[PDB]
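Undergrad: Provide a 3D model corresponding to the input given below.
(4 chains)
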Amino acid sequence: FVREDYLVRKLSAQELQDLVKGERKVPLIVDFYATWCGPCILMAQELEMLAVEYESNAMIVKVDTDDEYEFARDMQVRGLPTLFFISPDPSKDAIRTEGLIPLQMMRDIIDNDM
Amino acid sequence: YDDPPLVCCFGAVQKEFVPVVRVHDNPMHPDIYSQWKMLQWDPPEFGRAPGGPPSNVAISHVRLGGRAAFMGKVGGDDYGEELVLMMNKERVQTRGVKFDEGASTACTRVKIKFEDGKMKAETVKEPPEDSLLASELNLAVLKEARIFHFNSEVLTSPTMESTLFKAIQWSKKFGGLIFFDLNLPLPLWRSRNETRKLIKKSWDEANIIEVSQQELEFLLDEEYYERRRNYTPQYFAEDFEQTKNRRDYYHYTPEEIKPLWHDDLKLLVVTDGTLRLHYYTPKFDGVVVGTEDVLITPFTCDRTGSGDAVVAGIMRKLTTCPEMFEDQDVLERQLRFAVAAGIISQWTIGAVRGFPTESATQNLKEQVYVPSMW
Amino acid sequence: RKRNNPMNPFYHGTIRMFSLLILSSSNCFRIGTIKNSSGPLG
Amino acid sequence: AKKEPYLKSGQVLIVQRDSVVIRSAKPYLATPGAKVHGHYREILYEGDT
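TA: Numbering: from 1, shown residues only, chains lettered A, B, ... in the order given. Shown next is the structure:
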C-alpha cells in the first residue's frame, strides 16, 4: 500500500558473491560506501536516481565497508566512493571508478560498456 | 619567477574520493542518509580532518593566496576535461597535466576472481590518473616549483612510483623541497610492517612530512598508545589535571618519533584534526593548540577536505616565511593560520566548494586567538 | 526455601561509608653487633 | 613555598614523606544570618540547595 522510499539494496559479501557467480542479464553496479563518509551522501542520491532511470535494465546494489571491510580490500577498493560496473557477459572485465562521477558518466558506461 | 613561489602537486586529480578508510563502530541507518550528518559532528578519529587527492591541496593553496601547478595525467574524454576545467577555474596551472586520448578518466579495468571461496579483483589496466610516465614530466614546473607535494596513493601504482622518484630527483636537483602528505589509502592499513617497507623509500626522500595522529600511531605501535589512553589510576590521580578526565592530547616525545626520523627531514607535523598540531624539527618540538566547531552549523558541516586545507595553509606560510624552520615562536604563529583554514573548510558541504580564502582565514585566526598569539 | 523452587554445569573506586560515596582519581590527586634494620624482634 | 606551585582547594587526605594526596573540595562563603541546608557530613547531590 505504501511504496518503499529506497530502491538500491544493501548486500552482504556472501550475497554479492552468489549474485556475481549466478547468471545475469542486466548490468550489475556495485557501490561501496560508509555512513561516516561525507561524499557518500551525495553518491547515495545519484544512485537512487540511476535506479529510477534504469528500472529493470540494470541492477544497483551497495555494500557497506564497515561491515565488509576485508571484502572491499580484496576487491581493490582504495577509497570511497567506489563503483563497480559488472557486465552480464562473463568474458568482459569489470570497470572500477573512483570519486563522485557525474550521473551522465554512469549512463555512458552502462549503455556503451555494459 | 613571480611571487609567491610556485608549488607543485603530484598525483591523481579526483573529485572527492576520501582515501583514508578504516572500520567505524557507530554506523547510521544504511538507507536514510539524512542521519549521516550526525557522523560529521561525531566523526571517527581517523576522519576528524580527512585528506584527499593532491588536486585538493593545489586548489586550496591557490585560494589561500599561493600559486600552484598540478602534475598528472587524465584521459581525453569529457570527464577529463571537467577535471581540468575545474583546476583552470581555480587558477591552478595545468601545463603539467598530460592527456591520454586512449584512456577513460577515473576508470580502471579489473578482473573478478573467486579464489579460495572468496571474491577478489585484480587490475588489468590502470586508469590514466595512475599512468603518468617519466618522459611526460613538465621540467619547467619542476624547475620553478619550490615545494613538491605528493601523497602515498601514488605508491599503490607501479607506474606512478617509478615516475614519482624521477620527479623527486629533478625537484631536488633544482632545490625544491619535498612534501610527503601520507594520507594512507585503504590497502596500506592492513599491516604495519608491509606499509613501513612500502613507504620507507618515499619517507626518506621527504623534507616535510604531514601525518595524522592515527597514521603515526599505526606506523609505530597502535596497541601501545591505545593502552596508554585507556589507563586510569586505581586510587588517586598523579596531578590535579588528571582528575578532570579531559580528552587525551598526548604529545609524542622525539625519542618515540626517532624510528621515523632521518637526516634530510626538516619538519614533521602530526595533526589531531584541527585540535592539535604537533610539530617536530631537528632542534625543537612542540604543539599548537587549535579548536573545531562543526556544531555551529549542523546542516552544512562536512569535514571532507579539511586535511587538505591544513596542508595548503602550511605550504602557504612555508614558502613566504622561510624562518619557520628555525624559529619556534614564528613557526607556532604561522601554524595557527593553518588551523584556521582547516576550521573554515569544515563548514561547507564539499571539499573544493568550501576551501577558504586568505582574508577569511586571517580574519578567523584573529577572532579565535588572543592578540598576543597572532 | 530453596527446596520449594519449581546455567547447567555439564553444559575503580574506594567506598566511603558512614550513605555511600566513591573516592577515586576523579576527586583525589597527588601534590608532589650488626646494622639496625626495621623488622620483628620475636 | 616560593619555589613551589600553588596548592589546590581540598582536604589533606594522605601524608607521605615527600608528597600529599588531596581530596578535592570547594569552599562557599556565607555571611551571618545565612542558613545551611543540611547536617554535618550530609550528602549533597549536584544541584541541591
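
Undergrad: For the rest of this, base every contact and every neighbour count on C-alpha atoms.
TA: OK.

Undergrad: Contacts only, for residue 27.
TA: Just so you know, I chose chain A. By CA atoms under 8 Å, 6 or more residues apart in numbering or on different chains, the contact set of residue A:27 is A:57, A:58, A:59, A:85, A:86, A:87, A:88, A:110, A:114.

Undergrad: You answered for a different chain; I wanted chain D.
TA: Contacts of residue D:27 by CA under 8 Å, 6+ apart are residue D:9.

Undergrad: and the residue nearest to the spatial centre of chain A, which of the three is it?
TA: In chain A, the centroid-proximal residue (CA atoms, centre = their mean) is residue A:30; its distance is 2.1 Å. Under DSSP: H, G, I helix; E, B strand; the rest coil, residue A:30 falls in the strand class.

Undergrad: same deal with residue B:74?
TA: Assignment for residue B:74 (three-state DSSP): strand.

Undergrad: thought it was touching residue B:99?
TA: Yes. Counting by CA atoms under 8 Å, residue B:99 is a contact partner of residue B:74 at 5.2 Å.

Undergrad: More neighbours: which of these two?
TA: Applying other CA atoms under 10 Å in any protein chain shown to residue B:74 and residue B:99 shows that residue B:74 carries more neighbours, namely 28 against 21.

Undergrad: and stretch B:325-336, how far from the chain's centre?
TA: Here the centre of stretch B:325-336 is set off from its chain's centre by 20 Å, with CA atoms, centre = their mean, to the nearest Å.

Undergrad: Give me the contact list for it.
TA: B:266-267, B:277, B:281, B:283-284, B:287-288, B:290, B:313-314, B:317, B:323-324, B:365, B:373-374.

Undergrad: Mind checking which of those land in helices?
TA: Of these, the ones assigned to helices by DSSP state H are B:313, B:314, B:317, B:365.

Undergrad: between these, which is nearest chain A?
TA: Looking at the ones in helices among the contacts of stretch B:325-336 and their distance to chain A, the nearest is residue B:313, at 22.2 Å (CA to the nearest CA).

Undergrad: burial of the nearest residue to that closest one once chain neighbours are set aside, as a residue count?
TA: Nearest non-adjacent residue to residue B:313, counting by CA to CA, 6 or more residues apart in numbering or on different chains: residue B:338, 4.4 Å away. If you count neighbours by other CA under 10 Å, residue B:338 ends up with 27.

Undergrad: Quick check: the residue of chain C nearest chain B.
TA: Per CA to the nearest CA, the residue of chain C with the smallest distance to chain B is residue C:25, at 3.8 Å.

Undergrad: sec struct for that residue, please.
TA: In three-state terms, and counting by three-state DSSP, residue C:25 is coil.

Undergrad: before we move on, the earlier item: of the ones in helices among the contacts of stretch B:325-336, closest to residue B:161?
TA: Lowest distance from residue B:161 to the ones in helices among the contacts of stretch B:325-336 (CA to CA) belongs to residue B:314, with 24.9 Å.

Undergrad: can I assume that closest one is in contact with residue B:338?
TA: Yes. Using CA under 8 Å, residue B:314 makes contact with residue B:338 at a distance of 5.7 Å.

Undergrad: Next step: the contacts of stretch B:325-336 restricted to strands.
TA: If you go by DSSP state E, these have B:267, B:277, B:287, B:288 in strands.

Undergrad: out of the residues you listed, which is most surrounded?
TA: In terms of neighbour count, residue B:277 stands highest of the ones in strands among the contacts of stretch B:325-336 at 27 neighbours, by other CA under 10 Å.

Undergrad: about what we covered before: hang on, the residue nearest to residue B:313 in a strand?
TA: No. Using three-state DSSP, the secondary structure at residue B:338 is helix, not a strand.

Undergrad: tell me which element residue A:62 is part of?
TA: For residue A:62, the host element (DSSP states H and E) is strand A:59-64.

Undergrad: Check which residues of that strand are buried.
TA: Using 16 or more other CA atoms under 10 Å in any protein chain shown as the test for burial, strand A:59-64 gives A:59, A:60, A:61, A:62, A:63, A:64.

Undergrad: hey, what's the last one bridged with?
TA: If I follow you right, that is residue A:64. When assigned by DSSP bridges, residue A:64 has beta-bridge partners residue A:33.

Undergrad: And the strands in the chain?
TA: Looking at chain A here, since you left the chain open. Here chain A has its strands, by DSSP E, at A:9-10, A:28-33, A:59-64, A:82-86, A:94-98.

Undergrad: To clarify, I was referring to chain D.
TA: D:10-15, D:20-24.

Undergrad: Looking at the ones you listed, which is nearest to residue B:235?
TA: That would be strand D:20-24 among the strands of chain D, by CA to CA, at 10.3 Å.

Undergrad: Just checking the distance from the closest one to the centre of its chain.
TA: With CA atoms, centre = their mean, you get 10 Å for strand D:20-24.

Undergrad: With only the CA atoms kept, save it in CSV.
TA: Extracted C-alpha coordinates of strand D:20-24, given in CSV (Å, rounded to 0.1, in the frame of the first residue of the first chain):
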residue,chain,number,x,y,z
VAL,D,20,50.5,14.8,49.8
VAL,D,21,47.2,13.5,48.4
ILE,D,22,44.3,16.0,48.4
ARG,D,23,40.6,15.2,48.3
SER,D,24,39.1,17.9,46.1
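
Undergrad: Return the closest of the ones in strands among the contacts of stretch B:325-336 with respect to chain A.
TA: Nearest to chain A among the ones in strands among the contacts of stretch B:325-336, counting by CA to the nearest CA, is residue B:277 at 23.2 Å.

Undergrad: wait, what's in contact with the closest one?
TA: B:269, B:270, B:271, B:287, B:288, B:289, B:290, B:335.

Undergrad: Just the closest of the residues you listed to chain C, please.
TA: Taking CA to the nearest CA as the measure, chain C lies nearest residue B:289 of these, at 24.5 Å.

Undergrad: re the thing from before, turn the strands of chain D into JSON lines, including mean neighbour count.
TA: Below are those laid out as JSON lines (neighbours: other CA atoms under 10 Å in any protein chain shown):
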{"stretch": "strand D:10-15", "mean neighbour count": "13"}
{"stretch": "strand D:20-24", "mean neighbour count": "20"}
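
Undergrad: By residue count, which helix of chain A is the longest?
TA: For chain A, the helix that runs over the most residues, judged by DSSP H, is helix A:38-53.

Undergrad: Is chain B within reach of it?
TA: Yes. Against chain B, helix A:38-53 shows contacts by CA under 8 Å from any CA of the partner chain at A:38, A:39, A:41, A:44.

Undergrad: what is residue 10 paired to in the beta sheet?
TA: Chain wasn't specified; assuming chain A. Applying DSSP bridges to residue A:10 gives these bridge partners: residue A:62.

Undergrad: could you do chain D instead?
TA: Listed beta-bridge partners, residue D:10: residue D:24 (assigned using DSSP bridges).

Undergrad: so it touches residue D:21, yeah?
TA: No. With contact defined as CA under 8 Å, residue D:10 does not reach residue D:21; the gap is 9.6 Å.
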